[PDB]
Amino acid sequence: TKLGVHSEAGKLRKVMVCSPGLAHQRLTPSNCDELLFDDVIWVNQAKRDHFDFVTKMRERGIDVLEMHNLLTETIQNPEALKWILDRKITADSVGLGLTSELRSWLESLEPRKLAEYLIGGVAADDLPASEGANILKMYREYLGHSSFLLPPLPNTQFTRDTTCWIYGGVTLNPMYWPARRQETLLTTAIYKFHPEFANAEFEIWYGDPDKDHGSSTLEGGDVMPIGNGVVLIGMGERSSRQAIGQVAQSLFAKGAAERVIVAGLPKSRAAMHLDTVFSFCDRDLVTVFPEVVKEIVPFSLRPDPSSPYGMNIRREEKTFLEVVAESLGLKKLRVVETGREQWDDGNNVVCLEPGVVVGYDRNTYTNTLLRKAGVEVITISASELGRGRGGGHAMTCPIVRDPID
């Protein structure tokens, strides 16, 4: 089947996940926050928890693609490896006194360790001896500077955000935190050169790891192509209006979407994606974080030949849940709120098929409700995986998912 994602709840054919790796081995107490993690994690156990997760879907007939294995196969291709380093290793990222050797040693590496380093990041102490690399070791100890030639990209674990598919099209997103900004290059190389993508039919709606985006930032966790030619997009936090306006315009220009419902998320330095406060568990069933979903102001954005920028905004008077409801042809949306006994946040489950969802073991209360609501809930352990502030939805990137209606 032609690549493409046509809803949030239909049968999921092909997903991309990224297992914890070397990046997380590089987490430290004094750097985890800047690396967007609540704390260091026990990496080995996290690989086990992630694999079990891979397994629970790769036993449901879903073809789960792992990012390391894809990069790996992708760089085995000489051309493809030339394309990434040419843009990754440079005078402005690595240093003119190191670019040569860093690239040399990396090009020396077996494909699979190379790919491990493109995601995990490279430390001065990982290159062969040179005076260029020894002073770094020195800057870092002596002064407390970073020694990373290439940085650790632990959030690649969150494939939901680096790129997202919108009905047979994908966006290569300009990440908000600089800490996750280098991710797009890699995933972009994959779609560019990997056999699973290269001779495949599909559009690149918006994005370009080569271009500098400034204030336009978009992250997949804020994107949901729900099925009517309608697309939901959260705004004001990770995704900016500059960004949504250009994606919307593209999608309208190719007829990919008929309407985009912008979800205005009240501001907060506490950055949260749409999928963190609102998820789909089935045709007419969603879990939500009430406190945050009742504050959201929806604006419908539709194409407009009678407008210079070819579109028309309009603010929706009812509530987000009300708006999404009609936009799907519903009398209403069944609802499970995530905030008896302890606090719980069971938002961010991912649908595998309508009626089947994968979430975290620890949200027993939100999960029993989901079940009393006819949803089969498969749980995976959030002990380590969840320390990165994301769940099932955040750990998946749908590439092929069937429509619903």
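Residues carry their position along the shown sequence, with the first being 1.
In this entry, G355 and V356 are joined directly, with no residue of the deposited sequence lacking coordinates between them. Legend: mean Cα B-factor per stretch from the PDB entry, 340-348 versus 36-44; the higher mean is in 340-348.
In this entry, 311-319 shows the higher mean Cα temperature factor of the pair 311-319 and 147-155.
Of the candidates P225, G214, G221, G97, the deposited coordinates give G97 the top C-alpha B factor.
Taking the deposited Cα B-factors for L106, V170, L232, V335, the highest one is held by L106. In the deposited entry, the Cα temperature factor of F299 sits in the top third of values across the chain's modelled residues. The entry lists a Cα temperature factor for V5 that places it in the middle third of the chain's modelled residues. Ranked against the other modelled residues of its chain, the C-alpha B-factor of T90 as given in the entry falls in the middle third. When all modelled residues of the chain are sorted by CA temperature factor, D282 is found within the middle third.
Looking at the C-alpha B-factors along this chain, the one for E201 belongs to the highest third.
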